[PDB]
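Colleague: The following file, upload00.tsv, comprises TSV, N, CA and C atoms:
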chain	number	residue	atom	x	y	z
A	1	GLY	N	83.78	-47.54	65.41
A	1	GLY	CA	82.41	-47.41	65.02
A	1	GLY	C	81.49	-48.30	65.82
A	2	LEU	N	82.03	-49.27	66.56
A	2	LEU	CA	81.18	-50.23	67.25
A	2	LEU	C	81.17	-49.99	68.75
A	3	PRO	N	80.01	-50.08	69.40
A	3	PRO	CA	79.88	-49.87	70.86
A	3	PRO	C	80.36	-51.10	71.66
A	4	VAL	N	81.53	-51.56	71.31
A	4	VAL	CA	82.13	-52.74	71.90
A	4	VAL	C	83.13	-52.38	72.99
A	5	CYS	N	83.05	-51.18	73.51
A	5	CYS	CA	83.98	-50.75	74.54
A	5	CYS	C	83.48	-51.21	75.90
A	6	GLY	N	82.16	-51.31	76.02
A	6	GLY	CA	81.56	-51.66	77.28
A	6	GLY	C	81.58	-50.46	78.20
A	7	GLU	N	81.61	-49.28	77.59
A	7	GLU	CA	81.70	-48.04	78.30
A	7	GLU	C	80.73	-47.03	77.73
A	8	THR	N	80.21	-46.22	78.58
A	8	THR	CA	79.36	-45.15	78.19
A	8	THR	C	80.09	-43.85	78.47
A	9	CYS	N	79.98	-42.91	77.59
A	9	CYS	CA	80.71	-41.68	77.73
A	9	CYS	C	79.80	-40.57	78.20
A	10	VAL	N	78.94	-40.87	79.17
A	10	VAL	CA	77.97	-39.90	79.69
A	10	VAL	C	78.71	-38.70	80.30
A	11	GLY	N	79.82	-38.98	80.94
A	11	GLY	CA	80.64	-37.94	81.52
A	11	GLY	C	81.79	-37.57	80.60
A	12	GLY	N	81.77	-38.13	79.40
A	12	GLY	CA	82.79	-37.85	78.42
A	12	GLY	C	84.04	-38.68	78.61
A	13	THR	N	83.90	-39.91	79.05
A	13	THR	CA	85.05	-40.75	79.22
A	13	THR	C	84.89	-42.06	78.45
A	14	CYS	N	85.95	-42.45	77.83
A	14	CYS	CA	86.09	-43.70	77.11
A	14	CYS	C	87.52	-44.16	77.31
A	15	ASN	N	87.72	-45.20	78.07
A	15	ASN	CA	89.06	-45.61	78.44
A	15	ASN	C	89.66	-46.57	77.44
A	16	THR	N	88.83	-47.43	76.87
A	16	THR	CA	89.28	-48.39	75.87
A	16	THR	C	89.91	-47.66	74.65
A	17	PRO	N	91.19	-47.96	74.35
A	17	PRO	CA	91.90	-47.35	73.22
A	17	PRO	C	91.18	-47.58	71.89
A	18	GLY	N	90.77	-46.50	71.27
A	18	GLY	CA	90.08	-46.58	70.02
A	18	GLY	C	88.64	-46.17	70.16
A	19	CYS	N	88.20	-45.99	71.38
A	19	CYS	CA	86.85	-45.60	71.65
A	19	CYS	C	86.65	-44.10	71.58
A	20	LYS	N	85.65	-43.74	70.82
A	20	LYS	CA	85.24	-42.40	70.60
A	20	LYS	C	83.92	-42.20	71.34
A	21	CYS	N	83.60	-40.99	71.69
A	21	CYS	CA	82.37	-40.74	72.40
A	21	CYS	C	81.25	-40.41	71.45
A	22	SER	N	80.42	-41.37	71.21
A	22	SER	CA	79.21	-41.14	70.50
A	22	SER	C	78.12	-41.07	71.56
A	23	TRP	N	78.07	-39.91	72.20
A	23	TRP	CA	77.28	-39.65	73.39
A	23	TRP	C	75.87	-40.23	73.29
A	24	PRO	N	75.45	-41.03	74.29
A	24	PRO	CA	76.21	-41.29	75.52
A	24	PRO	C	77.00	-42.63	75.53
A	25	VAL	N	77.31	-43.20	74.39
A	25	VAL	CA	77.97	-44.50	74.38
A	25	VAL	C	79.35	-44.44	73.68
A	26	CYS	N	80.31	-45.17	74.19
A	26	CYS	CA	81.62	-45.20	73.58
A	26	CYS	C	81.64	-46.20	72.44
A	27	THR	N	82.16	-45.78	71.33
A	27	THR	CA	82.29	-46.63	70.19
A	27	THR	C	83.74	-46.78	69.79
A	28	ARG	N	84.18	-47.99	69.67
A	28	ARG	CA	85.53	-48.26	69.28
A	28	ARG	C	85.53	-48.23	67.79
A	29	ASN	N	86.01	-47.11	67.26
A	29	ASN	CA	86.02	-46.79	65.82
A	29	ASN	C	84.61	-46.54	65.31
Write the structure described by the file as structure tokens, please.
Modeller:
Amino acid sequence: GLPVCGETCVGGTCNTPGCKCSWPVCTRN
């Protein structure tokens, strides 16, 4: 639920395990 991945999923990518794409930002849970 938290954007603590340090990743944006603009292209639909989130590498950090637990990160979901809450476009355009990755949220870990």
Colleague: Which of chain A end up as strand (DSSP E or B) when DSSP is run on this backbone - answer as a ChimeraX atom specification?
Modeller: /A:2,8,19-22,25-28
Colleague: Kindly extract all protein, DNA and RNA residues lying within 6 Å of the coordinates (82.6, -50.4, 63.7) given in the file, considering only C-alpha atoms, and supply them as an MDAnalysis selection string.
Modeller: chainID A and resid 1:2 29
Colleague: So that I can see what lies close to residue 6 in chain A, please list as a count of residues only the residues with an atom at most 8 Å from it, counting all atoms listed in the file and leaving out residues fewer than 3 positions away in the same chain.
Modeller: 8
Colleague: As a ChimeraX atom specification, please: the residues near residue 10 in chain A (cut-off 12 Å, only C-alpha atoms, same-chain neighbours under 5 positions excluded).
Modeller: /A:20-26
Colleague: Rounded to one decimal, what separation in Å do you get between CA of residue 18 in chain A and atom C of residue 5 in chain A?
Modeller: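 Separating CA of residue 18 in chain A from atom C of residue 5 in chain A is a distance of 10.0 Å.
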